[PDB]
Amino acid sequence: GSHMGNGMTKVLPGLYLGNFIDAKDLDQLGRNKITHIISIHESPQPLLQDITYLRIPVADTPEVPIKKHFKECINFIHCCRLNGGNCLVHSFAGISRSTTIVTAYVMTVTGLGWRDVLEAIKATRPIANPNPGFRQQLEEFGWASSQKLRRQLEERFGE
């Protein structure tokens, strides 16, 4: 009965992962004081009041370059966290798309690789599994952009 899978999962203070159901769960949203949400869905959806949204129209296929949205998502999340908010990143199944964006974020703030990060995320959400293509994009991001972004965030929002 008690399995780590009852609503969005806390990934870090002020950061959560979820599916389309958690994204509409007012009880969950209130419980976790969610003030920001990143919706990674192919189509626009009615937005809940008192929440700041970031829409990322991307499908879950290994050919889709979600890496093109890493910078903006990480900046959105960071701003929200360092300013006392709570961000929920979600995708329909709560499996690969939202997971990819959050992994990229944690990689930049910790300086750790995507495998260790993904494995750490799985501990608190065993369904976590970005598609093969997103994992490669995570590979790139780790090598290239990760570190630069960390320094950038420090500049834009401070440490």
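Counting begins at 1, following the sequence as shown.
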Comparing 61 to 69 with 100 to 108, which has the greater mean CA B-factor as deposited? 61 to 69
Could you settle it for me: does 132 to 140 or 13 to 21 have the higher average Cα B factor in the PDB entry? 132 to 140
Going by the deposited entry, which of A93, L118, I38, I34 has the highest CA temperature factor? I34
Please rank the C-alpha B-factors of the chain's modelled residues and tell me whether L26 sits in the lowest, middle or highest third. middle
Sorting by Cα B-factor within the chain, modelled residues only, which third would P46 end up in: lowest, middle or highest? highest
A123's Cα B-factor: lowest, middle or highest third of the chain? highest
